[PDB]
Structure formats: structure tokens, C-alpha cells
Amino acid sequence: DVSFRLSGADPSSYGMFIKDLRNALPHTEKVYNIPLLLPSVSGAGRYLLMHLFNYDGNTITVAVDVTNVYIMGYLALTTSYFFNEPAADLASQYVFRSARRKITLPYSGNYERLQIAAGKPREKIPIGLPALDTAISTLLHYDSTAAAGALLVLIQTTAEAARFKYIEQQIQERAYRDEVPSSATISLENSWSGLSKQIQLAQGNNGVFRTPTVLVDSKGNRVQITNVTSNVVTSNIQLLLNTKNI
């Protein structure tokens, strides 16, 4: 399991949690020095438990699929909650079985569905450590519309930061003041599958992407990534989605 406490949290302790989260995900190989997530994991081992504590010490446990860093559901006191998707119903076979009741949320976990439920696109939702304290608080008691926006904050401040060093640094900058994600952040989120795939295909193509990936940079400018020498690959990306899962 891994844990993070918002009480006393600072850029350093958040970085330690993001490091713990990455190091909890199993891999057999690195590709271009980036951990390659496994094609498949059977049974309860598929799921990582993240214990998150809000500023007041109240807690939820979040179940993450270790092959793809996707959140499946979470436990809040005696109630479990899962996305309305088959991978999450599958997870509910293994985690939080001891919950008194299980609620299936009225959306899947993908960004488009969650933005619809929340009434707002990600571009308009501030993120940061205060926002994560709020999301934990919101998830403690069911409210499906509030929970969709809480889950957009939770996904970006845990899974997305685990996948990209740039996104982890953006959250660190927001340790004490929330701010909507930078356009580069949204770009990286959206490109993780693309990138993971192109980095894997470069292995027999001399480091060259079969298909270039378009990103927005830190300055708001629209760069084109063509090969493994890009900073996005040498410095930023930290986990690769296996191409078996793409």
C-alpha cells in the first residue's frame, strides 16, 4: 500500500508519495530507461491501495489497477464506490469486499464522462494539494455530481503525477494554492497512451516514433515529438502503458 497525508503536507512529502506510488507499480523491463507496466496481473495483486488522508485526518482508500494506473473505485468508511465500467466491476471482486454496501457510480472513469457528470471540463477545475484535500472530503459522503469533479482532481494529482514528472512538479507548485492545469498538463494526460506506444515502437525503429505525437509545451507552444531524444521521453514520462493494453 502507499499513503499520503494532507496534514503537514509540503512539496517534499508529496514528492515522496508520488515516488512511493511509482515504486509500487510492478515492471519486468524498462524501455529507454522508463519502467514498462505489465501486460496483465491476475487476482487481487492487480490492485494497489492508496490511503489518502485529508487535513482533518479522515481517510479514503483508492484502488488503482497496477497495469495502467487507472483508478477503479475507493472505500470511504463502510461504503465502497466503483466506476460503472467492466474493469471496475472486475476490481470489485477483489478489493473492499468487507464494505457494508457497494455503490456503483453513475459514470465510467474516463475523462469525458467525468467532465460531463461534473458539468465542467478539466481546463476549468483547479488542482493542487488544497484541491486534493477537498476531493477526499467530498468523497467521504456520496454525492455523485460533487464526486465527479473530486475524482477529476484525484486522478490528476495521483495517477497523472505518477506518469509525468512535469505533472508532479505542477502539483508541487500548487501545494498551497490551487490553479487550473496548464495546457501542457492536459496535453500530457491526453497523450500518455500515444507516447507509451511510440516509445515502445521506437525500440525496433532506431529510437524513431512510427507516428509523431503533438504536445503543448511549458510555454504554451505546440511541439511535435518524433524520437526518444525528446525531453518528454528522457526526463518527463515515468511509466509506460504496455502496448498489449493499447
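We number the residues from 1 along the sequence you see.
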Compare the mean C-alpha B-factor of 66-74 with that of 213-221 as given in the PDB entry, and name the stretch with the higher value. 213-221
When the C-alpha temperature factors are averaged for each of 93-101 and 166-174, which stretch ends up with the higher value in the entry? 93-101
Checking the entry, which one of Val41, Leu49, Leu188, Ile60 has the top C-alpha B factor? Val41
Within this chain, which third does the Cα B-factor at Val228 fall in: lowest, middle or highest? highest
Going by the entry, which third of its chain does the Cα temperature factor of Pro130 land in? lowest
Mind checking which third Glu112 falls in for C-alpha B-factor across the chain? highest
Where the record places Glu85 (Cα B-factor, split into thirds across the chain): middle
Please place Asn236 in the lowest, middle or highest third of its chain according to the CA B-factor in the PDB entry. middle
